[PDB]
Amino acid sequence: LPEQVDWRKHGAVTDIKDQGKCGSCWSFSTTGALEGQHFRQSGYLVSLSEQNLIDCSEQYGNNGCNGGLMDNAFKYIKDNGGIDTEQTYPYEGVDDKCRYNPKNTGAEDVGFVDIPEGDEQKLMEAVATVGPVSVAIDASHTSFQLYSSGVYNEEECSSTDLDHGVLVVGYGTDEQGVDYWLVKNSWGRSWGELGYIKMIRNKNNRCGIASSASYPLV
């Protein structure tokens, strides 16, 4: 099992995206994980449409800019028979009419895998063997908002009160011997480490990173 993983190096990760002032994190987390799995299956990286999920998945319990869940979105994608490319259904950060076009599909899924709750070990194995994984985290603290550099360790984090869906693309150990998760956020490149955060790993599921982790099946 690898000591470090960076799926960005292996072509499985799209550029940092920016959700702006729309509360759509779930849709970026969803597209992140499915971009990774479509890449692993197909050999092709294709950026996928967050606006398609926002616009079209309300009957799966997703409420667009008022929040949603990654598993509900993988299910919408299964039932719908695909999700459109970013290029043909670009992100608007508003609620709009469903404009899904099956001719512009960028990826399909057949379902998903939920990693057991709290299990950072099963999360590491999924990240190592499958690829980037959708995760829910407690991103509520000032320290997360202002995060710039190094390994994020917020003692005040909840492992159970989670508000922000993001993407684990890798993991490692920093030069102080501190284990971390390499996380892709959807707050654009000016946040954190060009849009990425290192979140402390094997510290009792800090910020709930393994509380609600899943990846789609293709």
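Numbering starts at 1 and follows the sequence shown.
Mean CA B-factor, 71 to 79 versus 88 to 96: the higher value falls on 88 to 96. Between 162 to 170 and 60 to 68, it is 60 to 68 that carries the larger average Cα temperature factor according to the deposited entry. Within the listed group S42, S47, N185, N52, the record reports its top CA B-factor for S42. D109 sits in the middle third of its chain by CA B factor, as recorded in the PDB entry. Sort the chain's modelled residues by C-alpha temperature factor and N153 lands in the highest third, per the entry. When all modelled residues of the chain are sorted by CA temperature factor, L1 is found within the highest third. When the modelled residues of the chain are ordered by their C-alpha B factor, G118 lands in the middle third. When the modelled residues of the chain are ordered by their C-alpha B factor, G36 lands in the lowest third.
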